[PDB]
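Here's the structure, in structure tokens; my notes come after.
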Amino acid sequence: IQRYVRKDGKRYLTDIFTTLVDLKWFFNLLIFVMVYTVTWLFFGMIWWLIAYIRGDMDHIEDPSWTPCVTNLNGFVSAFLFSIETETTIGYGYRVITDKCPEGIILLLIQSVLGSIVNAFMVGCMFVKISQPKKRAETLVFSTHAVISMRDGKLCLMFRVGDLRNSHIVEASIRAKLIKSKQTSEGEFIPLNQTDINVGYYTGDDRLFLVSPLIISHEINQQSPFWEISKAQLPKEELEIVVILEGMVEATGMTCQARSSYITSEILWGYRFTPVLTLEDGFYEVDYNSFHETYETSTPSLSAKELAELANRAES
Amino acid sequence: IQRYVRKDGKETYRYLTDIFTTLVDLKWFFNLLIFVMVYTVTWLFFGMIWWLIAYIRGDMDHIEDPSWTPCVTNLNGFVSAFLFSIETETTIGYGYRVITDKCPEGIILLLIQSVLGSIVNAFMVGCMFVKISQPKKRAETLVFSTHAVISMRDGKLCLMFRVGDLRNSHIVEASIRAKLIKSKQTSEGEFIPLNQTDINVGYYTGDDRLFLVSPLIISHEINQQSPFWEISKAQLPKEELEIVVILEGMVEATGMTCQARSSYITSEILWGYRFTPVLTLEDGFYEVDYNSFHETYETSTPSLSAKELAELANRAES
Amino acid sequence: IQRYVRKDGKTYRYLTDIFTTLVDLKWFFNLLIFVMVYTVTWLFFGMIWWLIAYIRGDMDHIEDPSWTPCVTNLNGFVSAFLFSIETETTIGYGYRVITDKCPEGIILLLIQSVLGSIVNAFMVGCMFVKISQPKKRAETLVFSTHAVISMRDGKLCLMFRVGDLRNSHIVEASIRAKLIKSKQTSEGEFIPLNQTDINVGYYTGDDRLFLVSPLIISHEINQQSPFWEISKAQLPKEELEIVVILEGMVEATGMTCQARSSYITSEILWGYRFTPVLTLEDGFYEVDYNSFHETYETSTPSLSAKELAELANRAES
Amino acid sequence: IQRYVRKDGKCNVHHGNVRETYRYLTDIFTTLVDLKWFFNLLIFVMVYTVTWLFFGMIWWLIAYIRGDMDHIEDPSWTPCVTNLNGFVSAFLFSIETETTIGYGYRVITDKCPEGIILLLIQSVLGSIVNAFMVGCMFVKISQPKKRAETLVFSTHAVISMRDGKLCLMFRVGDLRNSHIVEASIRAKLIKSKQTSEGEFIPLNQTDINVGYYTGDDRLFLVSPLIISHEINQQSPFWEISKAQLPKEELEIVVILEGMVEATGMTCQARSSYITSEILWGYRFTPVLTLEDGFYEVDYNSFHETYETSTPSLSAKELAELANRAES
């Protein structure tokens, strides 16, 4: 029972299909279709216009007259030439002769624009397939947080972990508290955010998801819950926000997950039942008991009152 | 109410419209023009060398006679050379102009031209990819209050400047840092015209990582470590200091990182002013009034510097 | 003697050839799929071109000179497929060309060009993904096969060597270390595995490394570290594990790589010292990776760090 | 004048400079000139020509067995690739078809299935090679932490007095103004030490505080800037005096990371200092001159030029003397 590998922890068709599952499903394809179609229609209209202004269509079959674009004698033919030239095909049944400098300029700008559009399309596809981040990945939190006693200290804790295979075991955890505060100076701030440190000072936040954990926040004189007590917590319109971000093992990706706890989901005097039980030579994880919580004796006084009582006893 | 009780965090047409208008700036047209020019110079150079090979082989008078194979058939030198260059380099080749097997120089020239055109196309693809794939997007939806204020708070004197997003659910995770830029002179005679300093908006406690569910006030406390420790009211207009604020966060829709920036000059920093609440609470739901986002209102605060305020507090204690 | 100079901290063909062989195996079985996709697209679209030619009845006229087929010189299935590969891949020789007298032909040509561009972009993306090989693990950055506890400047410290082998695969790295063991809280709240972070220098920034050569990273056993209470006698008793994670921001070229390893109660040696991998001589140094792991014994108190500190304080009194 | 940067870059004037610098930086970052330029250029030309030559050889052979030559001049014949003289025309057809040009003066006939399958494989292989090259370019341009060229550190590090404290300071800045901003700096020294227990470390690394605690190590770089480290109780230099500095043979490194504002990418730079380059009792000359409505930065004074008068006392003994005077 050792949680390590000297360089690790302790289907090609499916991967290709998943890669092809990139976010660019259907709407982006329609966007490409309309942009290409409007570009081609615009340039075909311009080709028809330049042929018309030249009087080329008036001569039409005249052999003594050299046309701008050979065999271009109609709007449909002009659009066909636009699609052929812009998309770099040029069948040759329609081809521009040297006797039209305006035609040369138009061909130059059309080719440059076509290259621009192709590069833009390639970049869009590249960005669509290259997603810089993901979401969730079943990093489920606890549906309840608890406040309990620990080695002579009162702390708040909420379980974290993954119910799937341990494909993500490195993460960082952040926790914010959102509350309304009335300053002594009379200013009222409806949404006052504070950070309920989960170990930022010590670097402990860089936790290791080997197994579901009980993240603990210590209620010290700095902690926002320093004044809360048993009877006060139901009344308080409190809230918590927990954010967890980590990276996956057998591939390069970063995942994020979040949640909140309001005040109904925060239980006082409750303790998490262990998910891990150890036996000689083996271990078992009772994942179905992940959320399950059981009650235990705890003081009803606030951490501030606990410190005051301890100081009075010491005196 | 119940923010983020949903584990999610609570239109496409608007996003599509914004993307369409995202390239409406003239700078995109300027970039198109400059690459039009680079393509034009490449094509013109290759066209002039095509005309050069045609002239060296001669074959201009022979064009009236089939008794010759003019390298690239049907070539009126000056203009047809450039036209063939555009047809060949860009992979069109209409076939009205085609190179013949009888002139190896033309074959090698076509090979080098194709290679160079592929290189240039690769360069364009890379440039466009870099343009679209900027790691740090300069998002336009992040706004800072045009004024920063100095106010009284819980027995402390603090500086505040409001930050938020306009789309109201677009970027919720962001980290903020602020740097002060000022001239400084030391007792040893050193004069450093641009002396930077960091104002602790929470870096120590990890509080600098914001959750922007709503437009928010960022508060910095003026203590011993704060640069403003000496600043008094009447002194603030004179001091001619400056601030710069940087905010970076990940976009909610996709995990790309976007960044915003702003600054404050001593004229923009007010004394004894408080931000009017953007967000007000109502039964069932809250109402956010962005029109009051920038607005500030005045209130009574001490005119002394934080240092003198602490000194008088200590004197009163004694 | 300096090899840390302004830019470089101090054969492309061979690396290109090795990458060429590795990428050779890949396509040896991959291209296969790419041909599959291209040929399926081309066969389908040649089939539909033949279908439109049939419905229009071009083949019925066939050699009739007065007729104007949708696609000139289409005579059968193979010719239609050939025109499909010509148009889709943007070659278009032109001996078989589309005329203007069939709007359905124009519509299908638009669909063909757009789908060809889309599939080409998807090709480029797939090729990029395959060449990327986003494997985070690093072959080098071997950790010492033992962690050690030793005495330094009146303080006990736990240490474990780390470094690269080529001195080029990594120059910068950040280190983290977590000790995970069961705990029996005084309030009866048993924890099967309780993690803790051992300070390798997060507070002061020392946790960032410059791996010019094999380093020994030392965690000081102060009054706020897990090993503060343990002693030589306890260490065999206290079953515990240590995990070390080292991430190199750049492999001297720009790509981030990550490593990991562990240590166990029997793999931690008390009162031992690391053999110096580097010895200095006039004008040049010598490095011997053969001694990387080698460890030798040294004198040290058997007291706990806590007991040692208490004894020192009592002596000061 | 102020660096308002209200929603964009600094208060400076440039229109075409932006495009020129963008193009130049992208070109150098894609090229990695010295080794990779010619290197990969040749790699490419060759990868192509070998594919073209090989396909040309196979085209010639497929024409040879029955396709042409024997019936080259026969009107009744239908060559696999019309107008194909073996060697030169085979190579020309290969270069035309693989490149997607296809002039059409020489084209593939339908009634020759071998030619059709050959064309299919050739076109797929050409697409594959083009995509592979594009992917290589994409990965080479995308990889972060690209070596910076405009970013430079002062060729000397200096030690001087400041507000009664003794500080080490070394100037940092970017030559191309307003190219890189929001950089982060960290500095390490690499000195051998012997512990009281007899253990000798051939190479012991210590990180010197340049503002990591306060977060001050993140700097804006509006202009050439002086970075300073304070020699306090924790600082490694706390012991050394003026005379000891040349003897100690200590060494320093400086590593800086920043973002290229023109593209949002990240670039890195580094440098070193040695006991011969760490001057004592000197101060950098100003690099920025303030004027009415404008400021001027004469970069020629950036690197060097110094003057100062500072005590020869060690930092620790200087602090002890200050305490004795205070007592």
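Identifiers in this document derive from the order of the structure tokens: chains are assigned A, B, ..., residues are numbered from 1 separately in each chain, and ligands are numbered from 1 in order of occurrence.
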Discussion item. As a PyMOL selection string, please: every residue in region 1-98 of chain B that a backbone DSSP assignment puts in alpha helix (DSSP H).
Written reply: chain B and resi 12-21+26-57+77-89
Kindly export the residues of the current selection with C-alpha atoms, as a PDB file, in the first residue's frame.
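Written out: result02.pdb:
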ATOM      1  CA  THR B  12     -24.840  33.316 -29.403  1.00  0.00           C
ATOM      2  CA  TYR B  13     -26.152  35.835 -31.943  1.00  0.00           C
ATOM      3  CA  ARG B  14     -24.588  38.676 -29.949  1.00  0.00           C
ATOM      4  CA  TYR B  15     -21.266  36.815 -29.855  1.00  0.00           C
ATOM      5  CA  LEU B  16     -21.395  36.261 -33.619  1.00  0.00           C
ATOM      6  CA  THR B  17     -22.184  39.940 -34.206  1.00  0.00           C
ATOM      7  CA  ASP B  18     -19.286  40.993 -31.970  1.00  0.00           C
ATOM      8  CA  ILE B  19     -16.944  38.623 -33.815  1.00  0.00           C
ATOM      9  CA  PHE B  20     -18.097  40.093 -37.130  1.00  0.00           C
ATOM     10  CA  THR B  21     -17.473  43.623 -35.840  1.00  0.00           C
ATOM     11  CA  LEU B  26      -8.940  49.984 -40.224  1.00  0.00           C
ATOM     12  CA  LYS B  27      -5.775  48.281 -38.947  1.00  0.00           C
ATOM     13  CA  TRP B  28      -6.947  44.951 -40.372  1.00  0.00           C
ATOM     14  CA  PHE B  29      -7.317  46.613 -43.777  1.00  0.00           C
ATOM     15  CA  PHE B  30      -3.832  48.093 -43.371  1.00  0.00           C
ATOM     16  CA  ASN B  31      -2.399  44.632 -42.674  1.00  0.00           C
ATOM     17  CA  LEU B  32      -4.205  43.299 -45.738  1.00  0.00           C
ATOM     18  CA  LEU B  33      -2.649  46.124 -47.764  1.00  0.00           C
ATOM     19  CA  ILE B  34       0.887  45.443 -46.551  1.00  0.00           C
ATOM     20  CA  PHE B  35       0.666  41.740 -47.357  1.00  0.00           C
ATOM     21  CA  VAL B  36      -0.873  42.607 -50.715  1.00  0.00           C
ATOM     22  CA  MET B  37       2.312  44.604 -51.263  1.00  0.00           C
ATOM     23  CA  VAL B  38       4.626  41.768 -50.187  1.00  0.00           C
ATOM     24  CA  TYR B  39       2.837  39.309 -52.482  1.00  0.00           C
ATOM     25  CA  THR B  40       2.980  41.885 -55.281  1.00  0.00           C
ATOM     26  CA  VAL B  41       6.726  42.381 -54.913  1.00  0.00           C
ATOM     27  CA  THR B  42       7.336  38.619 -54.867  1.00  0.00           C
ATOM     28  CA  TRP B  43       5.229  38.098 -57.991  1.00  0.00           C
ATOM     29  CA  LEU B  44       6.778  41.080 -59.786  1.00  0.00           C
ATOM     30  CA  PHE B  45      10.306  39.882 -59.027  1.00  0.00           C
ATOM     31  CA  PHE B  46       9.558  36.413 -60.353  1.00  0.00           C
ATOM     32  CA  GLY B  47       7.823  37.917 -63.383  1.00  0.00           C
ATOM     33  CA  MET B  48      10.847  40.025 -64.247  1.00  0.00           C
ATOM     34  CA  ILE B  49      13.127  36.987 -63.963  1.00  0.00           C
ATOM     35  CA  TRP B  50      10.685  35.056 -66.184  1.00  0.00           C
ATOM     36  CA  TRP B  51      10.945  37.842 -68.757  1.00  0.00           C
ATOM     37  CA  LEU B  52      14.721  37.748 -68.277  1.00  0.00           C
ATOM     38  CA  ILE B  53      14.904  34.057 -69.180  1.00  0.00           C
ATOM     39  CA  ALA B  54      12.551  34.636 -72.115  1.00  0.00           C
ATOM     40  CA  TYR B  55      14.763  37.450 -73.419  1.00  0.00           C
ATOM     41  CA  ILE B  56      17.959  35.450 -72.893  1.00  0.00           C
ATOM     42  CA  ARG B  57      16.494  32.610 -74.947  1.00  0.00           C
ATOM     43  CA  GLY B  77       7.107  39.288 -72.631  1.00  0.00           C
ATOM     44  CA  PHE B  78       6.504  42.276 -70.403  1.00  0.00           C
ATOM     45  CA  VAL B  79       2.951  41.628 -69.189  1.00  0.00           C
ATOM     46  CA  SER B  80       2.647  37.898 -69.884  1.00  0.00           C
ATOM     47  CA  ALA B  81       5.682  37.219 -67.693  1.00  0.00           C
ATOM     48  CA  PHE B  82       4.011  38.810 -64.668  1.00  0.00           C
ATOM     49  CA  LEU B  83       0.705  37.137 -65.509  1.00  0.00           C
ATOM     50  CA  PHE B  84       2.415  33.744 -65.657  1.00  0.00           C
ATOM     51  CA  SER B  85       4.170  34.502 -62.374  1.00  0.00           C
ATOM     52  CA  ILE B  86       0.821  35.168 -60.690  1.00  0.00           C
ATOM     53  CA  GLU B  87      -0.684  32.073 -62.320  1.00  0.00           C
ATOM     54  CA  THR B  88       2.157  29.773 -61.261  1.00  0.00           C
ATOM     55  CA  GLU B  89       3.301  31.022 -57.856  1.00  0.00           C
TER      56      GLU B  89
END
Pick out the chain A residues within 8 Å of chain C. Count only C-alpha atoms. Give them as a short mmCIF file (atom, residue, chain, number, x, y, z; two decimals) with C-alpha atoms, in the first residue's frame.
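Below you can see part38.cif, which holds the result:
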data_model
loop_
_atom_site.label_atom_id
_atom_site.label_comp_id
_atom_site.auth_asym_id
_atom_site.auth_seq_id
_atom_site.Cartn_x
_atom_site.Cartn_y
_atom_site.Cartn_z
CA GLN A 2 2.28 2.75 -1.30
CA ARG A 3 0.94 5.73 -3.24
CA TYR A 4 3.77 6.25 -5.73
CA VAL A 5 5.54 5.14 -8.86
CA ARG A 6 9.15 6.20 -9.33
CA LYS A 7 7.89 8.36 -12.22
CA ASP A 8 4.12 7.81 -12.01
CA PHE A 32 -17.48 29.43 -43.27
CA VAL A 33 -20.03 28.53 -45.94
CA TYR A 36 -16.98 31.90 -48.76
CA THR A 37 -20.22 32.24 -50.72
CA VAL A 76 -23.26 32.65 -64.28
CA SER A 77 -19.97 32.34 -66.15
CA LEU A 80 -17.99 30.39 -62.07
CA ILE A 83 -15.07 30.56 -57.72
CA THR A 87 -10.23 28.87 -54.72
CA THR A 88 -7.13 28.24 -56.87
CA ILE A 89 -8.43 25.81 -59.49
CA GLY A 90 -8.41 27.63 -62.82
CA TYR A 91 -9.71 24.94 -65.17
CA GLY A 92 -8.53 27.05 -68.11
CA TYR A 93 -11.73 27.06 -70.14
CA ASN A 118 -7.75 30.40 -46.23
CA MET A 121 -10.02 29.50 -41.79
CA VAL A 122 -6.95 27.48 -40.79
CA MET A 125 -9.85 25.55 -36.95
CA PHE A 126 -6.55 25.54 -35.04
CA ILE A 129 -9.28 22.23 -31.75
CA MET A 149 -13.10 20.49 16.61
CA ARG A 150 -9.50 19.44 15.96
CA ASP A 151 -6.51 19.08 18.32
CA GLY A 152 -7.69 21.95 20.49
CA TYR A 201 0.78 31.21 3.49
CA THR A 202 2.36 27.79 4.00
CA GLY A 203 2.00 26.69 0.38
CA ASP A 204 -0.25 23.84 1.55
CA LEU A 207 -2.69 19.66 -2.55
CA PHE A 208 -2.38 16.15 -3.98
CA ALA A 250 -1.39 11.06 -18.77
CA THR A 251 -1.91 14.18 -20.91
CA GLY A 252 -1.39 17.93 -20.91
CA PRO A 274 -13.91 8.47 6.46
CA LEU A 276 -10.90 5.26 3.32
CA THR A 277 -10.64 2.25 5.62
CA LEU A 278 -7.38 0.34 5.94
#
Practice prompt. Write out as a ChimeraX atom specification each polymer residue whose atoms come within 12 Å of residue 219 (chain B), counting only C-alpha atoms; drop sequence neighbours fewer than 6 positions from it.
Written response: /A:189,192-194 /B:148-153,156-163,176-178,199-202,207-208,210,274-275
Discussion item. Just want the 12 Å neighbourhood of region 202-207 of chain D, counted on only C-alpha atoms, with same-chain residues fewer than 2 positions away dropped. Output as a ChimeraX atom specification.
Written reply: /C:201-218,275-281,285-287 /D:185-195,199-200,209-212,229,234-237,250-255
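Atom pair CA of residue 256 (chain D) / CA of residue 140 (chain D): separated by 21.6 Å.
Proximity ranking of B:256, B:107, B:125, B:270 relative to chain C places B:125 first, based on only C-alpha atoms.
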Item to complete: Could you please select, counting only C-alpha atoms, the residues of chain B within 6 Å of chain D and state them as number ranges by chain?
Response: B: 91-93, 95, 134-136, 186-187, 198, 262-263
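Between chain A and the residues D:108, D:131, D:1, D:181, the shortest atom-to-atom distance, using only C-alpha atoms, involves D:131.
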Discussion item. As a VMD selection string, could you give me every residue of chain A near chain B (at most 8 Å apart, counting only C-alpha atoms)?
Written reply: chain A and resid 85 88 to 95 98 104 108 to 109 111 to 112 115 to 116 119 to 120 122 to 124 127 131 to 134 176 183 to 185 187 189 to 191 193 to 195 197 200 to 201 241 258 to 262
Written file, previous selection with N, CA and C atoms, as a compact mmCIF listing (two decimals), in the first residue's frame:
# COMPACT_ATOMS: atom_id res chain seq x y z
N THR A 85 -11.10 30.96 -59.78
CA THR A 85 -9.87 31.69 -59.53
C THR A 85 -9.61 31.87 -58.04
N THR A 88 -8.36 28.77 -56.30
CA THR A 88 -7.13 28.24 -56.87
C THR A 88 -7.36 26.91 -57.59
N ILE A 89 -8.20 26.96 -58.63
CA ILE A 89 -8.43 25.81 -59.49
C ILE A 89 -8.05 26.17 -60.92
N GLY A 90 -8.74 27.15 -61.49
CA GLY A 90 -8.41 27.63 -62.82
C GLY A 90 -8.43 26.54 -63.88
N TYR A 91 -9.61 26.01 -64.19
CA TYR A 91 -9.71 24.94 -65.17
C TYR A 91 -9.11 25.31 -66.51
N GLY A 92 -9.11 26.59 -66.87
CA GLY A 92 -8.53 27.05 -68.11
C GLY A 92 -9.51 27.30 -69.23
N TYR A 93 -10.71 26.71 -69.17
CA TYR A 93 -11.73 27.06 -70.14
C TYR A 93 -12.09 28.54 -70.02
N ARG A 94 -11.95 29.10 -68.83
CA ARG A 94 -12.03 30.54 -68.61
C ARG A 94 -10.68 31.03 -68.11
N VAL A 95 -10.07 31.94 -68.85
CA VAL A 95 -8.74 32.43 -68.52
C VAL A 95 -8.65 33.89 -68.96
N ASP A 98 -3.87 39.00 -71.47
CA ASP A 98 -2.99 40.08 -71.04
C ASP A 98 -3.53 41.46 -71.38
N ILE A 104 -5.74 42.40 -64.39
CA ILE A 104 -4.55 41.97 -63.65
C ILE A 104 -4.66 42.41 -62.19
N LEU A 108 -4.93 39.98 -58.91
CA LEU A 108 -3.97 40.09 -57.81
C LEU A 108 -4.70 40.21 -56.47
N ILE A 109 -5.63 41.16 -56.39
CA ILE A 109 -6.30 41.39 -55.11
C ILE A 109 -7.16 40.19 -54.74
N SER A 111 -6.59 36.98 -55.49
CA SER A 111 -5.72 35.92 -54.99
C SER A 111 -5.24 36.22 -53.58
N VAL A 112 -4.86 37.47 -53.32
CA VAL A 112 -4.40 37.83 -51.98
C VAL A 112 -5.53 37.63 -50.97
N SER A 115 -6.06 33.91 -50.25
CA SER A 115 -5.05 33.42 -49.31
C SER A 115 -5.36 33.90 -47.90
N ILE A 116 -5.79 35.15 -47.76
CA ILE A 116 -6.15 35.68 -46.45
C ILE A 116 -7.26 34.84 -45.83
N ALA A 119 -6.06 31.36 -44.76
CA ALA A 119 -5.29 31.44 -43.52
C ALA A 119 -6.20 31.67 -42.32
N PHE A 120 -7.20 32.54 -42.48
CA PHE A 120 -8.14 32.78 -41.39
C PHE A 120 -8.90 31.51 -41.03
N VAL A 122 -7.87 28.40 -41.46
CA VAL A 122 -6.95 27.48 -40.79
C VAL A 122 -6.75 27.91 -39.35
N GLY A 123 -6.59 29.21 -39.12
CA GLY A 123 -6.42 29.69 -37.75
C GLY A 123 -7.64 29.42 -36.89
N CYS A 124 -8.83 29.62 -37.46
CA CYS A 124 -10.05 29.34 -36.71
C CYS A 124 -10.13 27.87 -36.33
N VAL A 127 -7.56 27.15 -33.52
CA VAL A 127 -8.01 27.62 -32.21
C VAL A 127 -9.14 26.75 -31.69
N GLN A 131 -8.11 23.75 -27.48
CA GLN A 131 -8.80 24.36 -26.35
C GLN A 131 -7.82 24.57 -25.19
N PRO A 132 -7.62 25.81 -24.73
CA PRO A 132 -6.66 26.04 -23.64
C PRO A 132 -7.11 25.52 -22.28
N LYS A 133 -8.38 25.19 -22.10
CA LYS A 133 -8.87 24.78 -20.79
C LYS A 133 -10.09 23.89 -20.93
N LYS A 134 -10.41 23.18 -19.85
CA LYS A 134 -11.59 22.33 -19.76
C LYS A 134 -12.40 22.72 -18.54
N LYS A 176 -13.44 31.53 -1.28
CA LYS A 176 -13.86 32.90 -1.04
C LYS A 176 -15.17 32.92 -0.26
N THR A 183 -19.76 48.92 7.68
CA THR A 183 -18.57 49.50 8.28
C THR A 183 -18.95 50.45 9.41
N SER A 184 -18.03 50.58 10.38
CA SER A 184 -18.27 51.48 11.50
C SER A 184 -18.42 52.92 11.04
N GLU A 185 -17.90 53.26 9.86
CA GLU A 185 -17.99 54.60 9.31
C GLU A 185 -19.32 54.86 8.60
N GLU A 187 -20.53 53.20 5.91
CA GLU A 187 -20.60 52.69 4.54
C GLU A 187 -21.14 51.27 4.54
N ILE A 189 -21.54 47.95 2.22
CA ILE A 189 -21.07 47.24 1.03
C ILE A 189 -21.88 45.96 0.91
N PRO A 190 -22.70 45.80 -0.13
CA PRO A 190 -23.61 44.65 -0.17
C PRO A 190 -22.90 43.33 -0.41
N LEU A 191 -21.82 43.34 -1.20
CA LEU A 191 -21.11 42.13 -1.58
C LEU A 191 -19.63 42.33 -1.21
N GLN A 193 -16.17 40.60 -0.30
CA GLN A 193 -15.44 39.36 -0.49
C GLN A 193 -14.22 39.31 0.43
N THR A 194 -14.01 38.16 1.05
CA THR A 194 -12.81 37.90 1.82
C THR A 194 -12.33 36.49 1.49
N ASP A 195 -11.03 36.27 1.65
CA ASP A 195 -10.43 34.98 1.35
C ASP A 195 -10.29 34.18 2.64
N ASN A 197 -8.44 31.64 3.99
CA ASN A 197 -7.21 30.95 3.65
C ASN A 197 -7.29 29.47 3.99
N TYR A 200 -2.70 29.19 2.15
CA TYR A 200 -1.94 29.94 1.15
C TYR A 200 -0.57 30.34 1.68
N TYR A 201 -0.50 30.79 2.93
CA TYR A 201 0.78 31.21 3.49
C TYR A 201 1.80 30.08 3.45
N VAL A 241 -17.57 30.21 -1.56
CA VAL A 241 -17.30 29.79 -2.92
C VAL A 241 -15.95 29.10 -2.94
N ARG A 258 -15.92 24.35 -9.46
CA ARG A 258 -16.35 25.32 -8.47
C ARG A 258 -17.61 24.84 -7.77
N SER A 259 -17.98 25.55 -6.71
CA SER A 259 -19.19 25.23 -5.95
C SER A 259 -19.38 26.28 -4.87
N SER A 260 -20.51 26.21 -4.18
CA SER A 260 -20.82 27.11 -3.08
C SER A 260 -21.57 26.33 -2.01
N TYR A 261 -21.76 26.96 -0.85
CA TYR A 261 -22.32 26.27 0.31
C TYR A 261 -23.41 27.04 1.03
N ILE A 262 -23.69 28.29 0.65
CA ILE A 262 -24.75 29.07 1.29
C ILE A 262 -24.59 28.99 2.80
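Residues lying within 12 Å of residue 58 (chain A), counting only C-alpha atoms and ignoring same-chain neighbours fewer than 4 positions away, are residues 51, 52, 53, 54, 62, 65, 66, 67, 72, 73 and 74 of chain A.
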Write the residues of the selection above to a file with N, CA and C atoms, as a PDB file, in the first residue's frame.
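File produced: selection-v3.pdb:
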ATOM      1  N   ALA A  51     -16.292  43.190 -67.074  1.00  0.00           N
ATOM      2  CA  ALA A  51     -16.544  42.724 -68.434  1.00  0.00           C
ATOM      3  C   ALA A  51     -17.581  43.598 -69.132  1.00  0.00           C
ATOM      4  N   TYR A  52     -18.630  43.999 -68.410  1.00  0.00           N
ATOM      5  CA  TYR A  52     -19.677  44.826 -69.002  1.00  0.00           C
ATOM      6  C   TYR A  52     -19.154  46.208 -69.370  1.00  0.00           C
ATOM      7  N   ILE A  53     -18.392  46.835 -68.470  1.00  0.00           N
ATOM      8  CA  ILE A  53     -17.869  48.169 -68.738  1.00  0.00           C
ATOM      9  C   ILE A  53     -16.939  48.147 -69.942  1.00  0.00           C
ATOM     10  N   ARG A  54     -16.152  47.081 -70.092  1.00  0.00           N
ATOM     11  CA  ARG A  54     -15.274  46.953 -71.248  1.00  0.00           C
ATOM     12  C   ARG A  54     -16.048  46.833 -72.552  1.00  0.00           C
ATOM     13  N   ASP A  62     -17.532  38.081 -81.383  1.00  0.00           N
ATOM     14  CA  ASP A  62     -16.716  38.743 -82.390  1.00  0.00           C
ATOM     15  C   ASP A  62     -15.286  38.210 -82.332  1.00  0.00           C
ATOM     16  N   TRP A  65     -12.199  40.854 -81.598  1.00  0.00           N
ATOM     17  CA  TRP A  65     -12.165  41.510 -80.301  1.00  0.00           C
ATOM     18  C   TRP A  65     -11.577  40.568 -79.258  1.00  0.00           C
ATOM     19  N   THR A  66     -10.584  41.060 -78.516  1.00  0.00           N
ATOM     20  CA  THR A  66      -9.929  40.267 -77.487  1.00  0.00           C
ATOM     21  C   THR A  66     -10.619  40.503 -76.154  1.00  0.00           C
ATOM     22  N   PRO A  67     -11.250  39.499 -75.553  1.00  0.00           N
ATOM     23  CA  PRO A  67     -11.960  39.721 -74.292  1.00  0.00           C
ATOM     24  C   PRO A  67     -11.017  39.776 -73.099  1.00  0.00           C
ATOM     25  N   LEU A  72     -16.029  34.328 -71.051  1.00  0.00           N
ATOM     26  CA  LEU A  72     -16.895  34.884 -70.019  1.00  0.00           C
ATOM     27  C   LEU A  72     -17.953  35.753 -70.686  1.00  0.00           C
ATOM     28  N   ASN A  73     -19.164  35.204 -70.842  1.00  0.00           N
ATOM     29  CA  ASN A  73     -20.224  35.904 -71.560  1.00  0.00           C
ATOM     30  C   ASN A  73     -21.557  35.822 -70.824  1.00  0.00           C
ATOM     31  N   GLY A  74     -21.533  35.861 -69.495  1.00  0.00           N
ATOM     32  CA  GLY A  74     -22.749  35.816 -68.708  1.00  0.00           C
ATOM     33  C   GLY A  74     -22.466  35.891 -67.223  1.00  0.00           C
TER      34      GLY A  74
END
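CA of residue 234 (chain C) sits 16.3 Å away from CA of residue 272 (chain C).
Taking only region 70-149 of chain C, the residues that DSSP calls strand (DSSP E) from the backbone come to residues 142, 143, 147, 148 and 149 of chain C.
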How would the residues just chosen look if you wrote them out with N, CA, C and O atoms as a compact mmCIF listing (two decimals), in the first residue's frame?
# COMPACT_ATOMS: atom_id res chain seq x y z
N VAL C 142 16.25 12.73 -12.79
CA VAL C 142 16.22 11.60 -11.87
C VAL C 142 16.39 12.09 -10.44
O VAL C 142 17.28 12.91 -10.15
N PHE C 143 15.55 11.60 -9.54
CA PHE C 143 15.67 11.91 -8.13
C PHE C 143 16.55 10.87 -7.44
O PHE C 143 16.65 9.72 -7.87
N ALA C 147 16.34 9.39 0.24
CA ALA C 147 16.28 10.65 0.97
C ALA C 147 17.05 10.48 2.27
O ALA C 147 17.07 9.40 2.86
N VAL C 148 17.69 11.56 2.72
CA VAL C 148 18.62 11.47 3.84
C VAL C 148 18.29 12.55 4.86
O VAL C 148 17.72 13.59 4.53
N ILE C 149 18.66 12.28 6.11
CA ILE C 149 18.55 13.23 7.20
C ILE C 149 19.95 13.42 7.79
O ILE C 149 20.62 12.44 8.11
